[PDB]
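Okay, so here's just one chain, in structure tokens, the form solved without the ligand.
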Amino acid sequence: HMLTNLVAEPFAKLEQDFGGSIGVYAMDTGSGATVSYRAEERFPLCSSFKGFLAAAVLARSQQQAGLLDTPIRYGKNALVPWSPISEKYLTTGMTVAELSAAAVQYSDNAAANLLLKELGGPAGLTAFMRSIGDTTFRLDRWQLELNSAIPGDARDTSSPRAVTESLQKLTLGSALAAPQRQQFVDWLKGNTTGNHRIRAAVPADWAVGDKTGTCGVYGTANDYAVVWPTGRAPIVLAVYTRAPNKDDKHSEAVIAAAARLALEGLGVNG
């Protein structure tokens, strides 16, 4: 509260030019200062759930030492659109760790569905998020049905604030044991799908990991990230968008611009 939005930023003009709604929550983990805009509204997760899915797998691996190296074979029926990694291993299978990396770093859809099944489906991932104290997150459906992004539909949504709070717990806090925490960070750092989103606002000499989401309808897309500016504490942030019409286009540039405004609001020189 007292450290929230100490410096106002023109998020309203940005979302008006975009023609929709932008939700932002950014936390300076050193001072506790935050930037918050529509931060408690629900927005569709789209593929951004796959980051939390990989964290849930890592959490289970703390109790099952063989889990990450377990080989998983799958049939052609498991390959759903946009499975760039898993399609190359159809004839061989992949390990749980490889599927998790593909889901995070390439947004591989077949990999995500296989891992979701392992965790007990959308309710199982939701249960994991409850277990770390996130009462907002909900996953309800599987890929690709979870991408419908229907206005007013709370299914398969969270808030920017809850996303940021949960990301902080998993990447910097105590929700994962130290080896699993660093593996989660390493997978996020290796993401290949986010170069035009939060990363476009982050100087090249800072470390960053992120997970994107893009629903394909209702101007709905998002990104969340941990950023390590040199010489100061890391920043955790989430940027989510949506728009009122089914055929509205998403914008990567708006996500990058919102991230820049969040870093400016926090007084982080970039």
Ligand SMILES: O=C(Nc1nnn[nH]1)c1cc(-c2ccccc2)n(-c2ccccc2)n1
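Throughout, we count residues from 1 along the sequence that is shown.
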(request) Check the entry's C-alpha temperature factors for 99 to 107 and 68 to 76, then say which stretch has the higher mean. (result) 68 to 76
(request) On mean C-alpha B-factor from the PDB entry, just flag whether 200 to 208 or 57 to 65 is the higher one. (result) 57 to 65
(message) Out of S31, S36, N245, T214, whose C-alpha atom has the biggest B factor in the entry?
(response) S31
(request) Sort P160, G152, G173, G194 by C-alpha B-factor from the entry and give me just the highest. (result) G173
(request) Would you mind ranking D186 by its C-alpha B-factor against the rest of the chain and naming the third, lowest, middle or highest? (result) middle
(message) Ranking every modelled residue in this chain by its Cα temperature factor as given in the entry, which third contains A12?
(response) highest
(request) Within this chain's modelled residues, let me know which third the CA B factor of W82 belongs to: lowest, middle or highest. (result) highest
(message) Using only modelled residues of the chain, where does the Cα B factor of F128 rank: lowest third, middle third or highest third?
(response) middle
(request) Select lowest, middle or highest to describe the third in which the CA B-factor of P44 falls within its chain in this entry. (result) lowest
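Keep in mind that the form deposited with the ligand bound is not shown, yet the notes after this line are about it.
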(request) Check whether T193 has any heavy atom within 4.5 Å of a heavy atom of the ligand in the bound PDB entry, and answer yes or no. (result) yes
(message) I'd like to know if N147 sits close to the ligand in the bound PDB entry, meaning any non-hydrogen atom pair within 4.5 angstroms.
(response) yes
(message) How about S36 - does it come within 4.5 Å of the ligand in the bound PDB entry, if we only consider non-hydrogen atoms?
(response) no
(message) When the contact criterion is heavy atoms within 4.5 Å, does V202 count as touching the ligand in the bound PDB entry?
(response) no
(message) Exactly one residue in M27, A243, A54, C215 has a non-hydrogen atom within 4.5 Å of the ligand in the bound PDB entry; which is it?
(response) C215
(message) With the ligand taken in the bound PDB entry, which residues across 36 to 51 come within 4.5 angstroms through any non-hydrogen atom?
(response) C46, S47
